[PDB]
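A.B. asks: If you scroll down you'll find the structure; I have some questions about it.
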Amino acid sequence: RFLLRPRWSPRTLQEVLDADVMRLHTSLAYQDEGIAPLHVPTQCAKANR
Amino acid sequence: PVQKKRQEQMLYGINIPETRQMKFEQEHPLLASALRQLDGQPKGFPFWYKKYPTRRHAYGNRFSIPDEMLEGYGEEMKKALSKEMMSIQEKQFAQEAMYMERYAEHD
Amino acid sequence: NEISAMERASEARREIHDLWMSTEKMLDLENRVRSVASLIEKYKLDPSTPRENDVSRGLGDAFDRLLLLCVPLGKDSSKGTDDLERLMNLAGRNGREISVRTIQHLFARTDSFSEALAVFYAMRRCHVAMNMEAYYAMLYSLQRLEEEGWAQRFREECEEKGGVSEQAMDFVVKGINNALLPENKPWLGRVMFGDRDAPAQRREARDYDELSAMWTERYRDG
Amino acid sequence: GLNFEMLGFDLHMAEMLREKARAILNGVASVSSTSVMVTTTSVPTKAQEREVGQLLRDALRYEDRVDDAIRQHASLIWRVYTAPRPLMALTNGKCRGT
Amino acid sequence: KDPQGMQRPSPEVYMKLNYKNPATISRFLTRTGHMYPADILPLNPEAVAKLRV
Amino acid sequence: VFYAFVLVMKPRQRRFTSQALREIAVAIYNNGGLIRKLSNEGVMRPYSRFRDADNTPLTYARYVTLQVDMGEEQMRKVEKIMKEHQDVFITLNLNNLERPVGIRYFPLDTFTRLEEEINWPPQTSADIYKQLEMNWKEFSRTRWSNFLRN
Amino acid sequence: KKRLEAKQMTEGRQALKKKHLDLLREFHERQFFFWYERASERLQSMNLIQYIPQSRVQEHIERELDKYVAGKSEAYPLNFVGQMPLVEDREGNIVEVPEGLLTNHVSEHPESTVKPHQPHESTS
Amino acid sequence: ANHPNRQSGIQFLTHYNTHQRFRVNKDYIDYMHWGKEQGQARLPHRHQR
Amino acid sequence: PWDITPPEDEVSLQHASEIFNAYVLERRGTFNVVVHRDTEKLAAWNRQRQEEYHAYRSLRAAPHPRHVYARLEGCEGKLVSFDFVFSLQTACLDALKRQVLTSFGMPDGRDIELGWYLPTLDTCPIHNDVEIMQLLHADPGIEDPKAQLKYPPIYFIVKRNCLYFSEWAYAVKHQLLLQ
Amino acid sequence: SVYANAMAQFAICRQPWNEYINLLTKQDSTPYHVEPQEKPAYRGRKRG
Amino acid sequence: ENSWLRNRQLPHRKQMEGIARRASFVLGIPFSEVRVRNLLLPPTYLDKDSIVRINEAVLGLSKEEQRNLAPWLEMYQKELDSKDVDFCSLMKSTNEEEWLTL
Amino acid sequence: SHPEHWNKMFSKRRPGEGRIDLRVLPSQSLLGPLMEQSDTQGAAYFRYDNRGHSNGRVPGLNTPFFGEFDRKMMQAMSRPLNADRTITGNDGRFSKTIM
């Protein structure tokens, strides 16, 4: 009995779609989200140049 | 002669002028009404504190003993702490506070 | 023995929650004082009782509400404040220390300055070395008495004239003229940097009882 | 970690603007390809193009202001990692994600 | 430990150092009434004042 | 107190000592004053033979203690009646009672008190400790209940 | 522009000076509260100071000069210096003298009827 | 300094309204007793430095 | 509390200077000696106050029946409730701990510390019998009159020192189920 | 926090390092302790 | 305009309850349903957002009554200036600092 | 001080003379703690005192101290390397401390 639980979207674990969670295994598709990759170095160095 | 009259007005003991009383009335009418019903009686709560906004304004007696505190106590105690036994430093400082009371902006 | 006294106290505080959960038009200014004097003289809680043979040591959590069940003094006799003084004095002799959010409620139930001064003088005689929160809740009572005065006068006027007046509105907002412990300057009624504005209004029965119901339903799940 | 409060603020504002934008438009999804993102959603209305374009651009901007906090922090972990000289991170107390 | 004698006498001795108290006076004066000099019996200044008077 | 006055006096007749104090206290009350504790002591053999105008060194003196509340310059007035009285040998005059040396700020704490407790007397012991504890407890029990009479 | 920023900051500083003036008033009232408690306290204890008005001094003088009247079914009390004074009788007669002083007093007043002042024995 | 009352010297590192420690009308230094805790009876006490 | 109640004898109120003016002189045996004229009244009065004190500390030590609410400090929220007579003369606390374990559904030899839960949400562990004496003499209880109780309630937390694989399982299931 | 009840059951507080250090074994331990005597303090350029 | 003063404009909960209960008496409106609130308005001008939330939230005005009374609110597009956005976000001072901050 | 409070200049310096000034030392008399005892409580209970601590809310005296103690001044004497002062610096000679 949770006195206080947040309102997550997929209420409890079982409801979570499984053809969803396997998307986060897909590489970043800027067409989909609009997120460019990181490659944290060669962006740490030359991000301003 | 002004200053010798101001010596007899310092060694007879200055009494707190009634301006403070009347300003307390037309200023805090609720504390006055409480006092108005409580006049004479041995008081166990200070309904004059806002009337004496500071230690020094209570120059009408000794030791900053506000007038409306000594009711129930002995008349001899009221005589002890009245303007009659104020030390000479006490009386000079009494005049000082009274005047710094009526010439100051905020107390 | 004194365990029999505690068993008696069990019944006592039962029939005290009885008296306290009335919240009725059938419990008025004389009926409450009659019932409270009845319970005092029934359980012999007059301080004359010896150390043993006395109940109040186990009237836990109901003694204070009995103590404050009698605050509006019976406008019938001078035996109003004597029951409150006997109550408090038995509490002192036992040595239980009276909560400040209980004396705040003694005052938050007072009717007029006569009764407020009556409670304070009772506590004077009842060996309660005074705090500042005590003085402050006393002044808060002394102020709310006049707040309610002005609110009554302006209700009267609003009925008799039909609609709100300039003065009624500026009272409603700005509050009482030249208020001691003013509300628009909130840095003024703080003791230990917490707000002691509890006698701001009348605290009913459920006002006190909520202060403990949240406490306990907070206990049970926190 | 990242000031997740700030990331939540910027993200919520980006979505508040996406919503004040679609609370005007008939035809956000009037297109057929999917690489098209929120802004430059062409409208046959130029009293609505003129307002929704602004909202969608500011949405893109708050999303970048979140993208940037995350990239900055990754690059600062990497700053520490590839630091040439000795960097003794005297960890005196808790330290959330990053 | 306290050179100039700030801790001598004991607090009771003050209250018993009055004028009607030759008994507690004479326990800091020489057999002739002389004070023992400050280099010798280092007294507290308040004690010395109350004692001279 | 305002002032203490230890009046060593010549053991005259009880008509004369009484009359000295009759004129002394009447002088106080003619001088806007008060008296608290007019203690007396039977005769005692001082360390100094005191001499009146008769130049006689009298080695036995009856004692008076008189604590008072007066005006601080009526003090000067009455004292020069006292010292010039033909019967006192010496009056210890204490102004320091309001403000003794061990204090210092609250001013009543000493003004209320009497000499017998600003100046601990020689007689006392370690018993007046618990005695003053009981005196306070059983005064402060009703010190408020009693004031709230009137 | 600097005009506006300094105007602002100084209006605030004036406001804070007023706010302190008010918190200061409040603190002085709290002072007078804790000074009431302390001072009403020492003023009851002053109600006990038995003052001797002019009408009653002529009795208390006899009552106090009668503190050791040469005969009393109790023991007599000490002095402000706490000896047992030579317990006189009436109108100025040292008629009861303790033992620390009888030896010296009779040696110098050979012809006084002296008495060794016996304190009230605890035994009886 | 060989004048008496100038041995206190130049103390700029006091708090007083002067650097000439012998002109500070404030805290005349006891010379025989102090110094147990501060070096010399000149220097300020270790609770005022 | 032993000095609140008016005394058996009458303490003649007088100013404190009368204490010092009260010494009397006495001839014990053959030598003089000094005796406080009211040192015997003092002895009686102090006997009366020490008697009130011993009576009162005994009255505290007396058996004190109260209600007991013990909330298990831990995620598996269980509050148990039972009446319990507190004989305040370490025995009573150990009894309390065994009873708590029983109404809790645990063995009696469980490593259990108890802790006051103050009216202000502080918690203050207990180890003694005198400790609980003052716990009771201070915390009267906080209860709703709409909750009909018999005896004054009292509020403990139970801190368990052995927290098993089963309880760790409970807690991890709880926070996994939470987030 | 708001809802910590789950893992707050086994919280891992901090260890008594001050005590551990104070109760280590010291190469200067003494059966009966004595506070060392005062050192020479530079009394001036005249006094060394 | 004094950002040192915008911190002392919003009334304190002592005030928001003291207006509630004074109104519940005089205005006679029942206590449970008395809900005193604040509305801060930008300091030197008024953005369309603030006119929206004056009319809608404060007054009882629906679009066909506004479009009849204030027919220019359709053309109003004044918004908050970047130097001005932070007027509402007041600085929070604890209760031990009543002597330092405003 | 002996010259400030016990100026023996104007006498023979005979062991008893001297203008002993009792303005400085906290009295040792039982006079005080005896007479200035009150049936009420102390100001710390009366909650007499406004103003609390002068700096308002200090993390060691008013509110709880989180973190470590700094018995040096290694963070107090720290130079802002940022315009917003989110970083502060403290360099020795061969070391650099970035807080």
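Every read-out reported here was derived from the displayed coordinates using simple, explicitly stated rules and does not represent laboratory data. Cβ atoms come from the backbone with ideal geometry, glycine included; neighbour counts cover every protein chain shown.
A.B. asks: Let me check I've understood the local charge: for F:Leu66, count other residues with C-beta under 12 angstrom from its C-beta, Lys and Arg +1, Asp and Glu -1. What total comes out? Write down the numbers at each step before the final one.
C.D. replies: Details: positive: F:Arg36, F:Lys37; negative: F:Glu41, F:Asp69, F:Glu79, F:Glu115, G:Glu64.
Local net charge: -3.
A.B. asks: May I pose another question? Kindly state, to the nearest 0.05, the FRET efficiency for D:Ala89 paired with J:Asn22, given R0 = 22 Å and r defined as their beta-carbon distance. Don't jump to the answer; show the numbers that get you there.
C.D. replies: Numbers: r = 29 Å, r/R0 = 1.31.
Here the calculated transfer efficiency is 0.15.
A.B. asks: Nearest 10 degrees is fine. How inclined is helix B:2-11 to the longest principal axis of chain B, computing both from alpha carbons?
C.D. replies: 50 degrees
A.B. asks: Please name whichever of E:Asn18, F:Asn135, I:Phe165 sits farthest to the positive end of the charge dipole of the protein assembly as shown, dipole taken about the Cα centre and charges placed at Cβ: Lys and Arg +1, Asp and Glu -1.
C.D. replies: Sorting the options by dipole projection puts first E:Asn18.
A.B. asks: List F:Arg22, J:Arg14, K:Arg22 from most exposed to least, where exposure is judged by having the fewest other Cβ atoms within 10 Å.
C.D. replies: Working: F:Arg22 13, J:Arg14 5, K:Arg22 25.
The most exposed by this proxy come first: J:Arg14, F:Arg22, K:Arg22.
A.B. asks: Report, in whole Å, the centroid distance computed from the Cα atoms of region C:1-51 and region D:69-98.
C.D. replies: Taking the Cα centre of region D:69-98 as reference, the centre of region C:1-51 is 69 Å away.
A.B. asks: Another question, then. Set the Förster radius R0 to 35 Å, insert the Cβ-Cβ distance between G:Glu91 and F:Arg99 as r into 1/(1 + (r/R0)^6), and round the FRET efficiency to 0.05.
C.D. replies: So, using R0 = 35 Å, E works out to roughly 0.25.
A.B. asks: Order these by the 10 Å Cβ neighbour count, fewest first: H:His15, B:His57. Intermediate values should be presented prior to the final figure.
C.D. replies: Values: H:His15 10, B:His57 19.
By the 10 Å Cβ count, ascending: H:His15, B:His57.
A.B. asks: Between I:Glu131 and C:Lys161, what's the calculated FRET efficiency when r is the beta-carbon distance and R0 is 56 Å? Round to 0.05.
C.D. replies: Values: r = 66 Å, r/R0 = 1.18.
In this case the efficiency is close to 0.25.
A.B. asks: Kirkwood-based Rg over Rh for region I:1-111 (C-alpha set), two decimals?
C.D. replies: 1.36
A.B. asks: Same structure again: Distances longer than 23 Å among the Cα atoms of chain B: what percent of all pairs is that? Walk me through the intermediate numbers first.
C.D. replies: Numbers: 1771 of 5671 pairs.
When every Cα pair of chain B is considered, 31 percent fall beyond 23 Å.
A.B. asks: What are the semi-axes of the equivalent ellipsoid for region K:7-68, taken as the square roots of 5 times the Cα gyration tensor eigenvalues, largest first, in whole Å? Mind dumping the intermediate values first?
C.D. replies: Working: eigenvalues 140, 71, 9 Å².
Largest first, region K:7-68 gives 26, 19, 7 Å.
A.B. asks: Fewest Cβ neighbours within 10 Å first, please rank I:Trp168, C:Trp150 accordingly. The partial results should precede the final answer.
C.D. replies: Working: I:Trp168 14, C:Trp150 19.
Ranked by crowding around the Cβ, least crowded first: I:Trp168, C:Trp150.
A.B. asks: Could you name the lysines whose alpha carbon sits less than 22 Å from that of I:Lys173, not counting residues in the same chain fewer than 8 places away?
C.D. replies: Those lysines meeting the cut-off are I:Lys78, I:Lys159.
A.B. asks: Sticking to Cα atoms, compute the Rg of region D:1-55 to one decimal and its Dmax as the biggest Cα-Cα distance, whole number, in Å.
C.D. replies: According to the Cα coordinates of region D:1-55, Rg and Dmax are 13.6, 45 Å.
A.B. asks: When the distances between all Cα atoms of region E:1-47 are binned every 10 Å from zero, what whole-number percent does each bin get?
C.D. replies: P(r) over region E:1-47, rounded to whole percents: 27, 56, 17, 0.
A.B. asks: Only four residue types carry charge here, +1 at the Cβ of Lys and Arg and -1 at the Cβ of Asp and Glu. Report the dipole size of chain C about the Cα centre in Debye, rounded to the nearest 20. Mind dumping the intermediate values first?
C.D. replies: Details: 33 positive and 40 negative charges, 125 e Å.
Here the size comes out at about 600 debye.
A.B. asks: Calculate log10 I(q)/I(0) of region G:28-70 for q = 0.25 Å⁻¹, where I(q) comes from the Debye formula with a single equal point scatterer on each Cα and nothing for solvent.
C.D. replies: The Debye formula, applied to the Cα set alone, gives -0.85.
A.B. asks: Work from the charge dipole of chain J (Cβ charges, +1 for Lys and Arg, -1 for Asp and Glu, about the Cα centre) and give the residue of J:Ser29, J:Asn18, J:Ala6 farthest towards its positive end.
C.D. replies: The Cα lying farthest towards the positive end belongs to J:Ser29.
A.B. asks: Still on this model: Across peptide I:74-80, what mean number of C-beta atoms from other chains lies inside 10 Å of a residue's C-beta? It would help to have the intermediate numbers written out before the result.
C.D. replies: On the way: counts 5, 8, 4, 6, 0, 3, 0.
Across I:74-80, the average partner-chain Cβ count within 10 Å equals 4.
A.B. asks: Stokes-Einstein at 4 °C, 1.567 mPa s, Kirkwood radius from Cα pairs: D for region I:85-179 in µm² s⁻¹?
C.D. replies: Working: Rh = 15.2 Å.
After rounding, the answer is 85 µm²/s.
A.B. asks: Counting only Cα, what are the radius of gyration and maximum Cα-Cα distance Dmax of region G:61-124, in Å?
C.D. replies: Looking at region G:61-124, its Cα Rg and Dmax stand at 12.1, 35 Å.
A.B. asks: For the protein assembly as shown, what Kirkwood radius comes out of the mean inverse Cα-Cα distance, in Å?
C.D. replies: Details: mean 1/r = 0.0254 Å⁻¹.
When all Cα pairs of the protein assembly as shown are included, the Kirkwood radius is 39.3 Å.
A.B. asks: Per DSSP helix of 4 or more residues, -39500 (n - 2.57); summed, then divided by the residues of chain F. What does that give at 222 nm, rounded to the nearest 500? Spell out each step's value before the answer.
C.D. replies: Details: 6 runs with 52 residues, N = 150.
For chain F, the value works out to -9500 deg cm²/dmol.
A.B. asks: Order these peptides, I:68-79, C:54-65, by their mean beta-carbon neighbour count within 10 angstrom, highest first. If you can, show how the numbers build up before the last one.
C.D. replies: Working: I:68-79: 18.6, C:54-65: 24.6.
Highest to lowest by the protection proxy: C:54-65, I:68-79.
A.B. asks: Then there is this: Cα centroids of region B:68-107 and region F:28-99: how far apart, whole angstrom?
C.D. replies: So the separation of the two Cα centres works out to 30 Å.
A.B. asks: Is there a simple number for the mean count of other chain Cβ atoms within 10 Å of the Cβ of residues in D:73-79, and what is it? Don't jump to the answer; show the numbers that get you there.
C.D. replies: Details: counts 1, 6, 7, 2, 2, 6, 3.
Going residue by residue through D:73-79 and averaging, the value is 4.
A.B. asks: What span do the alpha-carbon atoms of chain D cover on each of the three principal axes, reported in whole Å from largest to smallest?
C.D. replies: So the extents along the principal axes, rounded to whole Å, are 61, 24, 20.
A.B. asks: Can I ask one more? Pick from K:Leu46, K:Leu27, K:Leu69: which residue has the top mean-square fluctuation in a GNM of chain K where Cα pairs under 10 Å get a spring?
C.D. replies: Judging by the Gaussian network model, the answer is K:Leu27.
A.B. asks: Right, here's the next one. Report the one residue of C:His105, C:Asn89, C:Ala213 whose Cα lies farthest in the direction of the positive end of the charge dipole of chain C (charges on C-beta: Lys and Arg +1, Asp and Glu -1; origin at the Cα centre).
C.D. replies: Value computed over the given set: C:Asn89.
A.B. asks: From the helices alone, meaning DSSP H stretches of at least four residues, give me the mean residue ellipticity at 222 nm for chain B, per-run term -39500 (n - 2.57), in deg cm²/dmol to the nearest 500.
C.D. replies: On the way: 5 runs with 49 residues, N = 107.
That calculation yields -13500 deg cm²/dmol at 222 nm.
A.B. asks: With +1 assigned to the C-beta of every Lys and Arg and -1 to the C-beta of every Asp and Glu, and no other charges, what is the dipole magnitude of region I:44-92 about the Cα centre in debye, to the nearest 20? Each step should come with its number before you reach the end.
C.D. replies: Details: 7 positive and 5 negative charges, 38 e Å.
Dipole about the Cα centre, nearest 20: 180 debye.
A.B. asks: Same structure, new question: Taking N as the number of residues in region C:57-112, what is its Cα Rg relative to 2.2 N^0.38 Å?
C.D. replies: Numbers: Rg = 11.3 Å, N = 56, 2.2 N^0.38 = 10.2 Å.
After normalising by residue count via 2.2 N^0.38 Å, the value is 1.11.
A.B. asks: Where a Cα-Cα gap under 17 Å defines reach, which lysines qualify for B:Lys83, not counting those fewer than 8 residues away within the same chain?
C.D. replies: B:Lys91
A.B. asks: So, one more: Could you size up the charge dipole of the protein assembly as shown around its Cα centre, putting +1 on the beta carbon of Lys and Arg and -1 on that of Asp and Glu, and report it in debye to the nearest 20? List each step's numbers first, then the result.
C.D. replies: Values: 183 positive and 171 negative charges, 1085 e Å.
The calculation lands at about 5220 debye.
A.B. asks: Compute and list, largest first, the equivalent-ellipsoid semi-axes of chain A from the alpha carbon gyration tensor, each √(5λ) rounded to a whole angstrom. Spell out each step's value before the answer.
C.D. replies: Working: eigenvalues 245, 55, 16 Å².
One finds semi-axes of 35, 17, 9 Å for chain A.
A.B. asks: Per-residue ellipticity at 222 nm for chain L, helices alone: DSSP H runs ≥ 4 residues times -39500 (n - 2.57), over residue total, nearest 500 deg cm²/dmol? Before the final figure, lay out the partial values.
C.D. replies: Working: 3 runs with 13 residues, N = 99.
It lands at -2000 deg cm²/dmol.
A.B. asks: Okay, moving on. Please sort A:17-23, C:178-184 by packing, taking for each peptide the average over its residues of neighbouring beta carbons within 10 angstrom, highest first. Before the final figure, lay out each step's value.
C.D. replies: Values: A:17-23: 8.4, C:178-184: 18.1.
Per-residue mean Cβ counts within 10 Å order the peptides as C:178-184, A:17-23.
A.B. asks: Give me the inter-chain shielding for E:7-14: mean count of other chain Cβ atoms within 10 Å, whole number please. Could the numbers behind the result be given before it?
C.D. replies: Working: counts 1, 1, 2, 2, 9, 7, 4, 11.
Mean inter-chain Cβ contacts per residue within 10 Å come to 5.
A.B. asks: I need the Kirkwood Rh of chain H: take the reciprocal of the average 1/r across all distinct C-alpha pairs and report it in angstrom.
C.D. replies: Numbers: mean 1/r = 0.0901 Å⁻¹.
It is 11.1 Å.
A.B. asks: On average over all directions, what projected area in square nanometres does chain J have, based on the convex hull of its Cα atoms?
C.D. replies: Working: hull surface 36.4 nm².
So the Cα hull casts an average projection of 9.1 nm².
A.B. asks: Using the Kirkwood radius over Cα pairs, work out the Stokes-Einstein diffusion coefficient for region F:24-88 at 25 °C and 0.890 mPa s, in µm²/s as a whole number.
C.D. replies: On the way: Rh = 13.2 Å.
Answer from the Stokes-Einstein relation: 186 µm²/s.
A.B. asks: How big is the gap, in Å, between the Cα center of region H:6-49 and the Cα center of region K:1-35?
C.D. replies: 59 Å
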